[PDB]
Every structure is written in C-alpha cells, then in structure tokens.
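**Student:** My sequence and its experimental structure, below.
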Amino acid sequence: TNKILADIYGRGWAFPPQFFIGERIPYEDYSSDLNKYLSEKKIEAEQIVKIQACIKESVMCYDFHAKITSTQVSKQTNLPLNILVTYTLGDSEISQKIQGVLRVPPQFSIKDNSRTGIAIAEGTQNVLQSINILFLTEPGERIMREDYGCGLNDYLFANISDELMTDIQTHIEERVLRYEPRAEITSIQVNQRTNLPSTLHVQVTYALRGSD
Amino acid sequence: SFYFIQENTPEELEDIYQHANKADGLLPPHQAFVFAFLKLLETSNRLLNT
Amino acid sequence: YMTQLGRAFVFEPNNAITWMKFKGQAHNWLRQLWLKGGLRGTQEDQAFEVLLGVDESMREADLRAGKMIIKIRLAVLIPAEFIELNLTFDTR
Amino acid sequence: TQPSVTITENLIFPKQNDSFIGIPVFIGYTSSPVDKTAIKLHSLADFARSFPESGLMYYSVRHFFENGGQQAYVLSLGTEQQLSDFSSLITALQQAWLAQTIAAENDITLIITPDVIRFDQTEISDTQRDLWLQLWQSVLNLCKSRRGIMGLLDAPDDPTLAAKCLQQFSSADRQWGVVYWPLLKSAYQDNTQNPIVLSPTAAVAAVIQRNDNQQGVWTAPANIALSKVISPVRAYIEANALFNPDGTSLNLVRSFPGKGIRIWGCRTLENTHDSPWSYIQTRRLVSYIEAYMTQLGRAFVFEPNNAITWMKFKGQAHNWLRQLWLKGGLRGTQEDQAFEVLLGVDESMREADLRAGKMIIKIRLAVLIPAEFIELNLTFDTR
Amino acid sequence: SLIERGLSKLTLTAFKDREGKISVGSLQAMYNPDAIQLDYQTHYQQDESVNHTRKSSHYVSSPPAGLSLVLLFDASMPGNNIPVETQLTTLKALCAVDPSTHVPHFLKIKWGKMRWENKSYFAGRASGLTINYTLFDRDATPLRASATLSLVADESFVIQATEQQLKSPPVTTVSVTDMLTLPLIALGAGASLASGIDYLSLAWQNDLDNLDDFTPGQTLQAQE
Amino acid sequence: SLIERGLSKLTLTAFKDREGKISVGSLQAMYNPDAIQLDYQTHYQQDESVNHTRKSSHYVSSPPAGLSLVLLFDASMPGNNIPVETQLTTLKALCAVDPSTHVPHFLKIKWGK
Amino acid sequence: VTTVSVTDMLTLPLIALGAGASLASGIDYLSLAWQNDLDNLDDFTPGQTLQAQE
C-alpha cells in the first residue's frame, strides 16, 4: 500500500538533506555465473527456479524498477554465498550492480550500505515533511518567494492568553490551506507547559486529501 | 564517487545528458540535479560567446 | 498607584471607616486593570486580593505604633518565548 | 538557543476534567511490571508513557481509543512472561487485591479481560467448558465488588462449545454479564504481516461509552458499526444456536453488505423470561438512576429525621425523575405511570425504623423495551 | 475563558490585492458592535417544458454574502482621548478606492474567537458607509458619531481552489471490508468524485485480475 | 401520545443529488421553532378574444412552494454545551453549494409526526 | 518614482517588493537593478538608497 500512496502523493528529496555513498564492489571476485555454479555443484534443477525467484523478489523489494540481467558468485565463498547482481532500471540503458548474500527455502539478503545518492520521502512522509518545512520557514527567507512560510515568529514575546492561543491556531489553519493542498488540518491544540511556563506546545493533527 | 556512481565515466553521463529519452525518468535524482544546473549555465555561456 | 492612593490616608483617623475607603478604591482600580487584560486569572479572586483590617493584616500593637498595613496579592502574565509544534497523523 | 519557533516530537499531557457514565478497566498482563494501582488513561499517548507499545493489551487499548473511546483504566496482573495457560489466568483473576482496587476506584463501570484470547481452543472437551464457566463466574465476582459494574465477556471460539456453555451456566449474577461473539480480525498487522485477532469487547466498550453522551444511557448500544475491523473470524451462519428467546443467549457481531461490521445484540445473561434485566440498556439505566439517588441521598445523612427532611428529598427526586421522563428515558404517557416516589412515616417507614436511625425511600420505574423483531403482514384492501 | 479575561476588540484591515499581500492600514474599533448580521441568498429559475409534467427548478448565480455592523465613536466621556475625526478618517480611507489599483481595498474583519461561517475572518469589500454626527463642541468638533458599515464577501482565489480540491479530490482511496462487492466499492469511492466511477473503470485502474480480485484489508484507488 | 412523552426534534439533512442517494450531512435543531409557514402560489392569464364575450383565464406556471423557519441557538444557559459556531457552521454547509455538483445541496426537513 | 533605503540582510527581490508596493504596476528585480545601474544583483550595501520608477 506504500507504493499506492507514493504514486498518489508523489515523492521527492527528504528533509533535512542527507547523502550516502555505497561500499565499493570488489569486481575481481565475481567471475562465475550463478546458474552454472549451482548446476555444477549438483543442485536440484527444481531448486534453481526457486533460487532465482528469491533473488528477483529480494531485488524487487530493494528497487521495484529493477530488471535482473546477470548473476555471479564470489570466488572466496565456495559453499553463506556472496552474489553480485546486475540489473537495468526499467527500459533504460543504465545498468547498476549490487552485492547480496544467498543462503541455502532459499534466502537472499542485501548489503546494508549499498545505495549511493540522496534520501527520499514518499507518500505520507512527503506530506508530513512538507508541513514541517512550512513551520520552520519564515516569509522573506526564500529567494524570489518572499511570501512562502508560516510566520509564527510574529507571536513570540506576546503575553500567553486566550487571545494569543486563538491567533496561533487560526494562523496555522490559514497558511496550511494556502501552501499545502495535499493535507487537511483536523484539529489544533495549544497548551502551556507546566515545567516551562514561557513555552507553548502546539499539537496539530492532519489527514490526507481523499484518504477516507 | 557520489556524482559518478560506481563504474560510471563522464563519457557515459554526457551521452545520457544529450539524449533524455534513454533514461525514461529513472536517472538518480542527484545526477538530474547536476544536469539541471548545467542547463542553467548554458544561457550564460551563450551570451559570453557573442 | 497604591502609593498615590495611600498618601491620601496619611494623618487620617485609623479606624474601620478609613480602611473601607481605601479597600473599596483599591479593589476598584485593580479590578479595572484585570478586565483590561493586565492580570492573569479567570476569576476575580484569582487575579488579586486586598486585605486591610484590625485582624486580617494588623494587630492592636500596629495601631498603637501608628501603622497601617495593607496586604496585596497579584497574579501576572507570562510572555511566550518559545513555541514548539508537534505534528501527528490523524488515525482515521 | 535564543527564543524561536521549533519542531518537537515531545507530547504534553494536560489534566482532563471530563466525566463519562461508562468507564472500562483493562485487566491483564502488560508489557512491563507496575504496582497494584489502576492507571487512568486519557489517550493512547498515556499508555505509551507507562507501557511499551506491544503486546495484546496495547492493541486492545489502541482498538478502544480508535473506536471513539475517551477514558479508560489499566490494571496489570504482571509481566507477559508469567502467562502459562488458561487455568492460571482464572486463578490470577481470583486474587484478593483485585476487588479492593476496583472498589476503591469509583470511576470504573465496565470490566474487560483481553488475555482470554491468547490460549488454545482446539478441544471441545467438558474440561474446557468448565474452565469457561469458571472464568465468567470469576469476572462476575469482580463486578459484585461495587454496585453498577458489569463485565464484558468472551465466548469460546467454537460455536458448539459456546452453545454448551450458555445452556449449563448457573449463577445469581447473570444480570451483570454481557457476552459477545466471535473474535474480530483487526486492521493492525504484526511482524509477519498477519492481521491481529482481537476480542470484540474492547470495541464495544468504546461504543457504550460514546453512545451514552450521544443517544443516552437508556438507548441500546447495538446496531452500531465498528471501526478498524477487517472481518469477524466466523460468519453469521455459524451462530444459529447462540440466540434463545427463552434462555441464555449471546450478542452476535455480524457484517452486512454495505453496512460494515455491526453489533447485533443487546441482551445480558439473564435467562429468566419475566426478569427485568434481560437487556443491557435496562440494567444500565436503573444503575444510572440508582447512582443519582445515592448521590442525592448522601446529602441527607446525619440530618434530622423529620417530615421537613423527607419533603426536601421527595421534591428533588420527583424533580429529577420527571426531567428524565420528558427526555424519553422512561415509558409512560402519564406522569404517575412513569415513576412514583414514596417517603414518609407511614407510606414507607414505621416508628420502629425511625428509632433505628433508618430512612426508607420507595421508588418505582417503568422502562422501555428494544425493538428486536419486526413482522410485516400484508393484506389486500377489500374495496 | 481559560487564562485571563481581557476584552477582545474588533479589527478592520485593508489590503490592495485579493490575496492580502500588500497591507494598506488597520483600524481597531473603540467600541465593539452589539449585533452582527450575516445574509445569504441564492436564486433559482423554474424549468418550463412542453412534454414533461415534472416540477423542478435549476440553480442560478447566488449573490455574494453580506455583512452589517454599526460602530460608535465617542470623544466626550473621560478616557476617550482619540479624536472622532481621526477614527472616521481612517475608517473611510480603508473603505475607499485605492489610487494605485483604481478599485476599493480588500478588507478583513477579525474579532476574537468569533467565526464568520467557518473562518476567523470575513473577507470582502465595503458596499456602503453611513456616518451620522449627533454631538458637537462649541468649535464644531464632533464628539459623537455612529457609522453603519456593510460589506459584500470577496474571498481569495487560492483558498477557494484548495477547499475545492479538498472536498472533491482528484484521486480518492478506499479500504475494502468484509462482504463488499465491486459495485459497492465504486459507490463509496465515487461519492466524493465529481463524475463518480463505474465498476469496470475502477477494476481497470486497480489492475484487478477479475471483478472479485480483492481481499478484506486491501486498499483501492479511484481517479476522475 | 401512546407510549412515552419524549420531545421530537426537527432535523435537517442534505444530499448531493435529487433522489437523495448520496448523503452529505445532518443537523438536529437544539430548539424547535414555534411557527412554520407554507406558501403556495399559482398564476393565471386572462383570455382575450375578438369574437367571444366569454370571461375565462388559463393556467400559467405556478412558482414552487415556499417554507420558512426561525431557529435559535444558545450557548450561555446551563446544559447548552455545543458551541454556537459549530452549529452555525454545520447549518450553512448543508445549505451551501456542493463542490462536486456545483449546485446547492438538496434538503429534507423531518420533525416528528 | 519611489525611493527606498537598504537595511541589513535585504535581497533584491525584497527591495523590489517594498519599493514596488506604492507603484501602480510594481517592479521586478531585474528592472530595479537596471534602473539603479547595479553591477550585479547584490551590488548594494546597507545605508545605500535605491530608486524605482514606473
């Protein structure tokens, strides 16, 4: 269901920006086809299709656009197996390689730090992160976008009173309506902390567009 | 190794940049960021060359 | 203000009638300030209290010494220095 | 660290002053050990503050709060490592400090035991039937610790075993017991992505608490759709022996096409045909009336026992009852038909009672009957 | 109240544009109005047919909502030191024609916790302003005056667009429960959609293998 | 009455369509109105003839029937805990223009017998 | 013609908004830069004055 939500609400960079570089592949270790190795080691031919199905399923969870083209065995693991998987993304010509561990039902595991790129937010997390960025941005900070932002700094140092709590609640409602069409605010709660009398805690509950 | 993933060369990335169709929307986002920036600088380069 | 109001009662007779004159006006003024948002409290007794009497705030020794003691309690407002927002998903 | 606006993941827990007629208590093994007191919860956040978010108790409480619940109590019998079998749970529910803790708390009105679902139910032997009969009696004994408390009960998963339990159950506490069937497949998923099976009593308690403020304590809490429920464990076609119009019966939980999963019963365990406590809403309405008269009566303790005092009670009691009658809470087209209050030196008492220090008030009530069956007879107009 | 008991005062704010990006000025009423009237009207036209005996009427454009207030200004009693002329000058300047846009300003009315039909403000433009002077000083300084103010609603286009796509989303999502059929799912999912949905279209969008290819607890989607 | 003496309350329900197949919401009045008015009108056009002295008029389209109510909302007296703003917001939203059909909702008024 | 004063942490789009508020048709950051003969989009210092025409 996470795929369905991601397609409906979109996906993009995660906030705050994060970067990863995957571990280097020791290419001088994988020079033996997986199927030929399995057949040579007198493995069952009914096992092989189960083995390949396990590889395809595990890769699909890792990246559902993948299309497996090659499979190789590490020469330092001759019956815990280390596998280098080669795949192409969709119908593109771009090819990528990924390490994996196969255990003989067969089990296939992926190396942990194998992805290089950015962190992405999908579906519900994208909308939740979107509202969070709005609260932390004040108008006039964005270049050429001098109106985007919530603008809660204007209510600091004001006396904590029913007037201030009402103003904060209504201000949040108006700005989210203007700058976040994918979310619907259902309730806003403003309370004063007992241990810190000078701080206000705001509880905001949101629902997704067309969720029900 | 972050801008060029694994066994990627500038020759390969340049080919993808010239032909946007051969990625069909599956290029990694950070490399698409680089391609977008290179498109921005094309206008400045064109003005200078006059 | 209470200093200015108190000055009008110096060298006055130290009896119960004088105390009521001060207590009535002091209660009047503080209440007006409370209704303007200058004091914290949803009830009048929470915002302020004025005590002035021969046994509420003084003793017979204090009257002999020529003193007049008024007890005043106040509740003040707190500024909003920090605002924290916690955003959660509606479980529906 | 200057004053600023910031984003936090913390939570605040302000005091709540709201009140409800029906407040359940969850009695069972929790994730972490606690003391012998009952913890009051105002939301799911309070539960996470005291216990880790795992185990059967967590999901039962979560199911309560997502079905419209607002206030609940949790009573822990120990850590989850002490779960052994069904008979041990029955022994744990029979402990002595449970009654004192429940009685000391005046907010508790319903009793729920979520841990009855854990154990195996693959044998339909008479030993299991006796075990189930013991469990119902143990819960009902907890309800007797204070007037007004009723226990929401589970039933054996196998319909044949459940029908056996209903016929052979014997107790004088039937009017305080309500049973629901079958188990429900909740919308929550565990680590293996399998749906979590929960007892219906957790969701019914939220419905009962919600229904009191919306419709009234005199309105049957049946025919209401549940939330976060995928499907009942067994279909409605397996429960044709669980409803007896002249005997013990269950309250079925059933799904309808386009109507979702709804409660389909309002009866208690009272099997007597002429008994007045055959329905849950009737038993709750009278206890709600009893609770008010208890509160009103307390104001006249240690007061002079004369005619003036009796008029003060009779005037106010007559005043409150008529206001309930005009709201549709009592049956009758005339005021004298709906209720009557008697209090006097010869109407309800004797001079001996006055000397003993007693004050006796007689109250009569007329209640409404739910519409369980509708029959339509169709005839041709002879014209 | 919850914390204090201060008296909230009505406020009038003026903007050059519809979206409220360019503030012009503001005025806080020195006396709150004791009554506020909101008016909604909507017109229908009856359907005339030569072959149908049906009785029906179809909707025609509804006039914008109206608001009415009366404000009192005084400069005679103790504590009222702000001149009446200054307040009346400010009030008219906010309701007047802007020299830059050549159209009257866009106004916002705010008063405490009062909600003007689901919003904390009434967005609109002035349609009438009557000022009655009733008391003067010896030098003709006005001491008492009452202003009758009436506005007509004129909301922002961005808020209208967001609220439109919220109650009528382009894509809706439904959860499958027990004993549900595909036509029933389409009715529930298609209720929010502008044009509804049919059971065949719903099946195609979800890539169902057949008309019963779903299980309880599954989620389905429906587009326009 | 025949069984009990409960006070029936006037109810207002909204629908998107004319046949009432898609419910939108409902609102139960906290105070029943003390008066209800129903208005019926129908128009006729006189017949003019150059050779007939008959006096007659023929029926022209009649305007639809009208109904009028006055509802009171209070939140100051004891026992009135539902806020006035919430009730008024619900009442207008039932009478407003539906964002999907671009026409005002279809309403149903029921009150007891 | 309107005149504006440059304060701390101001950007050219921010200056154009403040200067262009009083103007009938507003002003864009490129037009404002061209009218003031700025060498670049950040070629101003606090305390300096800028002008904006129609």
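**Tutor:** Happy to help now that I have it. Numbering: from 1, shown residues only, chains lettered A, B, ... in the order given.

**Student:** Please give me every residue in contact with the closest residue to residue A:55 other than its chain neighbours.
**Tutor:** Distance criterion C-beta to C-beta, 6 or more residues apart in numbering or on different chains; nearest residue to residue A:55, sequence neighbours excluded, is residue A:108 at 5.4 Å. C-betas here are computed from N, CA, C, even on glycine. Applying C-beta atoms under 8 Å, 6 or more residues apart in numbering or on different chains, we find residue A:108 in contact with A:54, A:55, A:57, A:58, A:83, A:100, A:101, A:102.

**Student:** try 10 Å this time
**Tutor:** Counting by C-beta atoms under 10 Å, 6 or more residues apart in numbering or on different chains, residue A:108 touches A:51, A:53-59, A:61-62, A:81, A:83, A:85, A:100-102.

**Student:** likewise residue E:95?
**Tutor:** Shown in contact with residue E:95 (C-beta under 10 Å, 6+ apart): E:12, E:14, E:27, E:104-105, E:107, E:125-129, E:147, E:149, E:151.

**Student:** Generate a PyMOL selection restricted to the buried subset of those residues.
**Tutor:** Remark: buried members of the contacts of residue E:95, expressed as a PyMOL selection using 16 or more other C-beta atoms under 10 Å in any protein chain shown:
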select buried, chain E and resi 12+14+27+104+105+107+125+126+129+147+149+151
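
**Student:** Residue A:119 contacts residue A:11, correct?
**Tutor:** No - taking contacts as C-beta atoms under 10 Å, residue A:119 lies outside contact range of residue A:11: 11.1 Å.

**Student:** Now the common contact residues for those two.
**Tutor:** In contact with both residue A:119 and residue A:11: no residue, using C-beta under 10 Å, 6+ apart.

**Student:** still on that earlier bit, cross the contacts of residue E:95 against strands and list the overlap.
**Tutor:** Among those, DSSP state E puts E:12, E:14, E:27, E:107, E:125, E:126, E:127, E:128, E:129, E:147, E:149, E:151 in strands.

**Student:** Name whatever forms a beta bridge with residue E:219.
**Tutor:** With DSSP bridges as the criterion, residue E:219 is bridged to residue E:175.

**Student:** so where does residue A:38 fall, helix or strand?
**Tutor:** Per DSSP states H and E, residue A:38 falls inside helix A:34-40.

**Student:** Run through the neighbouring helices and strands of that helix.
**Tutor:** When contacts are defined as 3 or more C-beta pairs under 10 Å, 6 or more residues apart in numbering or on different chains; DSSP states H and E, helix A:34-40 sits against strand A:30-33, helix A:45-62, strand A:66-74, strand A:81-89.

**Student:** from the ones you listed, which stretch is densest packed?
**Tutor:** Greatest average neighbour count among those goes to strand A:81-89 (a mean of 19), per mean count of other C-beta atoms under 10 Å in any protein chain shown.

**Student:** is any part of that one close to chain B?
**Tutor:** Yes - judged by C-beta under 10 Å from any C-beta of the partner chain, strand A:81-89 comes into contact with chain B at A:88, A:89.

**Student:** just to revisit the earlier point, need the contacts of residue E:95 in a markdown table (columns: distance to chain B).
**Tutor:** Putting the contacts of residue E:95 into a markdown table (distance: C-beta to the nearest C-beta, whole Å) gives the following:
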| residue | distance to chain B |
| --- | --- |
| E:12 | 46 |
| E:14 | 40 |
| E:27 | 47 |
| E:104 | 43 |
| E:105 | 40 |
| E:107 | 42 |
| E:125 | 43 |
| E:126 | 47 |
| E:127 | 49 |
| E:128 | 53 |
| E:129 | 52 |
| E:147 | 56 |
| E:149 | 52 |
| E:151 | 47 |
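
**Student:** So residue C:87 is in contact with residue A:125, correct?
**Tutor:** No - the pair residue C:87 / residue A:125 is not scored as a contact, 12.0 Å apart, by C-beta under 10 Å.

**Student:** neighbour-wise, which of the two wins?
**Tutor:** Remark: of residue C:87 and residue A:125, residue C:87 carries more neighbours, 21 against 17, as counted by other C-beta atoms under 10 Å in any protein chain shown.

**Student:** Helix, strand, or coil at the spatially most central residue of chain B?
**Tutor:** Nearest to the mean C-alpha position of chain B, by C-alpha atoms, centre = their mean, lies residue B:35 at 3.1 Å. Classification of residue B:35 by DSSP: H, G, I helix; E, B strand; the rest coil places it in helix.

**Student:** Which residues does residue E:25 form beta bridges with?
**Tutor:** residue E:14.

**Student:** coming back round to it: contact partners of the helix holding residue A:38?
**Tutor:** By C-beta under 10 Å, 6+ apart, helix A:34-40 touches A:32-33, A:43-45, A:47-48, A:51-52, A:55, A:70-73, A:75, A:78-79, A:81, A:83-85, A:102, A:104.

**Student:** Would you indicate which residues of the top helix by length along chain C are buried?
**Tutor:** Determined from DSSP state H, the single longest helix within chain C is helix C:16-35. Residues C:19, C:22, C:23, C:26, C:30, C:34 are the ones in helix C:16-35 that count as buried (16+ other C-beta under 10 Å).

**Student:** which one of these sits closest to chain F?
**Tutor:** Taking C-beta to the nearest C-beta as the measure, chain F lies nearest residue C:34 of the buried residues of helix C:16-35, at 21.8 Å.
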